[PDB]
Each structure stands twice: as C-alpha cells, then as structure tokens.
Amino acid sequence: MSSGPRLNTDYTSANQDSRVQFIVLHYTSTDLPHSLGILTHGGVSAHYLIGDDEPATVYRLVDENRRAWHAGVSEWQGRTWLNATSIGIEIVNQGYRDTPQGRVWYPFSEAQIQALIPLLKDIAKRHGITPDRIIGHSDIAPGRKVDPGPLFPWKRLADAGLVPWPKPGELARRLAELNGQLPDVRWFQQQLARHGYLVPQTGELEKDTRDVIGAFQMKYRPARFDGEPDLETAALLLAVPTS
C-alpha cells in the first residue's frame, strides 16, 4: 500500500538448472572423530562424510544448497574454483603414510563403497550430474592433491554407471591403433585438456605436465603413476570416454 520492495513472482523461467555441476571425492587422512572435528571446526568442510563403520554411516555436515570448503584452488573442464559449483564427499581413510621404505596407501572398505554408490546416484539424479563430472580431488588439483589415491575403486563406481571407464576391449583396440608409436608430449597435453584437466600446452615435459599425466595414471593406471608418458597411458587417453 505500498512500500518495501514487494516482488512479482508470477513468472518463472523454464531455462534453469542446478548450481551444482560436479561431485568431488576426497579422503580424510585421519580417524572418524578427528575427521569430524576438522570438517566441523577446522576451516575446511564437506557436504558428506562416509564413516569407517559397518554399515558405513553417512554424515551430512553442510546442506547441499551451501558452499562447503573442500576443493580449494581447482579446475575441471575449464571451470575454476569448484567449491561454489560442487558437492564434496569425504571418506574416512588414512590416505598415505610416508615410511623409510617408501609411501604406502590404505584400502577402502566394501561397506564404504556400498554407502557411496547409492549416495552418488541420489546426488547425481537430483542435480543432473553426468559421469564425467564425478571426479577426485586429484583430477581438479593435480600434483597438489593426491586423494582419493591409487587404491580408490574407481571401477566399482564405473560398474554402477557413475564415472567413465574404458569399455571392454577398448584399451587393447587403442593400443593397436598407436601401433608402437608414442605420441609427443604436446599430444598428451591436448588429450588431458580434452578430458578436463588443467595442463600446459607447451609441448615440454616439465613438472606441471608430469603431475597431470600422473594424476590421470593414478586413476586409470595406478600400477605406475610417475607421470612418464608411455604407450599404455596414451591408449587410455584414447579409450577412456568423455561421457
């Protein structure tokens, strides 16, 4: 009658979707109570935490409509600073330990994977998230972050239709395509960018490129992820789908 702003809400647009475009997977590197302490009072956070109990409890720590602080400096498919456009999922797991013999990793329990798969399907359906956008911290921050690490069972997620994975026989077919001929470093950089990685395009194999090759290997060829180009890695860069 009439002061205040008083919006007109009679019209709504058909052309809109979710602010959440990506799901990022992490491990905690620590025990469950400590993990909860860090994720609730320690300047980082995530939307979901998956415990190490059986069945594996799923804790909601941040509402999906809020920005949790899990991705940091990050890029996927040209999208930077992913916190604002992602859901973060943390899994209780020791990560790695450095030993005088070398760096060791700790496996994930079957109960955690059985909690994770239905959680991911639910999130992906509600937000329209495609398999190529369900990724690891290591994919979005190569070299800087190595979670969820070489023991994370990506193939179990792929079996459930949640992440890309070579179809049966494809790795062999692409290896046959290359026919012993290792592509140059620029080609590897081009392929990695196509899959979504931030990578240099200098044609030179420096640490910043090695780290990205290594992140891709840690996910798809975890037997060796030193970032050295080889035929098997080239073949995977061709065989791994982008959908």
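A residue's number is simply how far along the shown sequence it sits, counting from 1.
- For the pair 43 to 51 and 27 to 35, the record assigns the higher mean C-alpha temperature factor to 27 to 35.
- Between 234 to 242 and 1 to 9, it is 1 to 9 that carries the larger average Cα temperature factor according to the deposited entry.
- Based on the entry's C-alpha B-factors, the most elevated value among 121, 155, 97, 137 belongs to 97.
- The PDB entry assigns the greatest CA B-factor among 75, 132, 90, 110 to 110.
- When all modelled residues of the chain are sorted by CA temperature factor, residue 180 is found within the highest third.
- Ranked against the other modelled residues of its chain, the C-alpha B-factor of residue 215 as given in the entry falls in the lowest third.
- In the deposited entry, the Cα temperature factor of residue 174 places it in the highest third of its chain's modelled residues.
- Sort the modelled residues of the chain by CA B factor and residue 101 lands in the highest third.
- Among the modelled residues of its chain, residue 58 has a C-alpha B-factor that falls in the middle third according to the deposited record.
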